[PDB]
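Let us start with two forms of the same protein chain, each given on its own as structure tokens and named structure 1 and structure 2.
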Structure 1
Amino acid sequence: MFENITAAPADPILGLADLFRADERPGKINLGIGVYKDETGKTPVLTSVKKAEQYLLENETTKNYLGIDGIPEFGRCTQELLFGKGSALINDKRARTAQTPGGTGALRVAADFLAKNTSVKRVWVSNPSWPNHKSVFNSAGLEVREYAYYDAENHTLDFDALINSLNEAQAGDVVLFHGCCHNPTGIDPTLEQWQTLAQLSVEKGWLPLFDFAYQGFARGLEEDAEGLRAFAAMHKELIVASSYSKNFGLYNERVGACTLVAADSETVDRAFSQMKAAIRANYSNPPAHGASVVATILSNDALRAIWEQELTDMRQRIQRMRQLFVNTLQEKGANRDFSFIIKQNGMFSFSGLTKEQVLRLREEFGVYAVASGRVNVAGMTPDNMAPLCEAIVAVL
């Protein structure tokens, strides 16, 4: 049965980790995958997380199954993070949340749901976007169309092209939006642009699907949800796949959520019952650990206070790093002007390097970035900033 199976091509993002660890050389630098690193070049487990885990070790009495949708407190907490405490979506019981194996699992359950209970056939994903978006949607049978986004020349959000591209989307089509920290550009729409997109979306009859994997890394928890909230004020239906991998440093525990919003409770309940059907045919129920950590931290005033501070520390370090990056690039003799880097949000930055430059950076200098020229700014430390910038300049 397997004699003709052809070897699959490696993921541009994940296949990178393989090559890196296989690569010898002490000075090799890894600016690939979106994982946060502190001043020392480590990706530690948050203190708030260590505290919640101890609480669980001593207070957990059973590992009995969690129920299709997961931990309730967990769901209640993400809806408030996404929509705000007062929010009418919460008060009118228009939203349901299912705990999932990461933001990726949230996208998949959403895709499986849409493909089998809805008349959706195509999903619109930005150009450029996280490579794994198309793979997830394609796996459920949906087709992926692309819309313009980034203006490579000015390094801006080409809104006209965005609008003009989306004008080809039909009523009933899904349009995937990045909540904040657009991967891999780092460029996000303003509140004005977000409201405009909201209006357009309501007139054209598109189903908004927000991917929120970096809430907290641009401006703040509440600020980063401004766009989504603008959409939720106008739409009767929307789906949101959120992740707690980055803002909680819970990468390998797979903590995410798939929130479904409908015109009313009665409707959302019927729709959600089908979503739970898609989950049962996939993994049954979700992994408790990482999600219990998130809920215990969010449900406790002291623990949440410590967490929120840890998060702003991460955000601010990233911001110090991209600033240092630009200066050191100019200082080291880079000919091109990379000031636009300071204008981007999140863990990355679209360096604007060519595929060949990225290849030489790796082969010749052990510096690892994604073929698209995306580099993890959060992987830069004051100690690797110099050799890194020298490698880059010797390739421009």
Structure 2
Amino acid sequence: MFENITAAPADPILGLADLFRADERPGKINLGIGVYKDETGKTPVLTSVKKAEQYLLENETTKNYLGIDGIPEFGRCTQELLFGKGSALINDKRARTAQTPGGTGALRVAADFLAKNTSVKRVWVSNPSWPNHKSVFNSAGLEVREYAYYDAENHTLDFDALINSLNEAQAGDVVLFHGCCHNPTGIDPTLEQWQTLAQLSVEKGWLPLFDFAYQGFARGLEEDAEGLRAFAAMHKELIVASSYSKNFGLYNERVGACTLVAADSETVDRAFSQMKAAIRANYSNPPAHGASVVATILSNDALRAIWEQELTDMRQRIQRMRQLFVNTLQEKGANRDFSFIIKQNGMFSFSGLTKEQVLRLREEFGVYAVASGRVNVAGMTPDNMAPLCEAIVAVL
């Protein structure tokens, strides 16, 4: 019976959506989005994907079910993108990929797999990290502990505090790492920090779990993977949850992949059969559309050439706004040092605004942002940069 059922809380970011689409003062800027927007403030469907879709519309002959792990071409394409084209992990066949409904679905299936087939109990999530991370692991029954990460003072990665908090984790604990473009800080470890982390991860016996939802948004496709590749060359086992939502603009088609890595082909096949069991009990088989689109794009090099360009254009727009944000702030005039913004990668960063400030921002100006002071840089156009910086400067 449902009458004494507790109403679910307001999702941190969803409340904003509604308040924004209510604010009758149209000079309003929504910075708590999470999705990429072009200079027009529009989230378009990539040309490569549209071409890909016409191709599928012309060539599909059936809608019959995919296998639990999805379209195979999609699988090999994802692990090549992740580990590199000549990666030993691929050659020795010690990796297996299951196509899943978005990066979140990949995280849930990993969670269920881990919860039913191993003795992992705790999962270490960075502080801060994407909020849905806790809920995902919690629903699988795993407990979430947090390691330090953000130096609120210097707006940086507090490595010392970081390694110092991980020492609290036992061998057997799963440690969640953001591949690149840390959500919500945009601070990523340098390659040397990744390596010390890889080294320490082996000595302490953690099971690395990479959340890779922004490949291509920090430096490039290969560059962004260098961190995970540092771990994958040092570990016998690891799990990587990747999303194609942002980098292919396929948000609503739900396309991601959960990749398993084990010591050998024999062991990976045995563990993968159970991961497939977890999928069958969840949604049975994955949604073919978004994945078909990614599979055909990445495999037709004419189409892959166009996509790559569309992604570097996306990446560069974001980098121009982080850059243009810093100095438009220095023109509107305020005691500051927002240059830390330029050092950060991806669509996000903590502006360093107090919840009090972010509040008067929404209230007195119509500039919307998430309470944590997290701001989506892709929500800034060269046009709305001025009023944005004026408002920000007027609340400091």
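Reference numbering: structure 1, starting with residue 1. We call the rigid core whatever largest set of C-alpha positions still superposes within 1.5 Å between the two forms.
S.K.: Taking the rigid core as reference, does the Cα of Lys50 move 2 Å or more between the two structures?
M.R.: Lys50 C-alpha, core-superposed: shift of less than 2 Å.
S.K.: Once the core is aligned, please say if the CA of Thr61 is shifted by at least 2 angstroms between the two structures.
M.R.: No, the C-alpha position differs by under 2 Å between the two structures.
S.K.: Note yes or no: does the Cα of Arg336 move by 2 Å or more between the two structures after the core is superposed?
M.R.: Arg336: C-alpha displaced by 2 Å or more between the two structures.
S.K.: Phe113: how far does its C-alpha move between the two structures, core aligned, in angstrom?
M.R.: A shift of 0.3 Å.
S.K.: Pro387: how far does its C-alpha move between the two structures, core aligned, in angstrom?
M.R.: Looking at the C-alpha of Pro387 between the two structures, the offset is 1.5 Å.
S.K.: Once the rigid core is superposed, tell me how far the Cα of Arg25 moves between the two structures, in Å to one decimal.
M.R.: C-alpha shift for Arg25: 3.0 Å.
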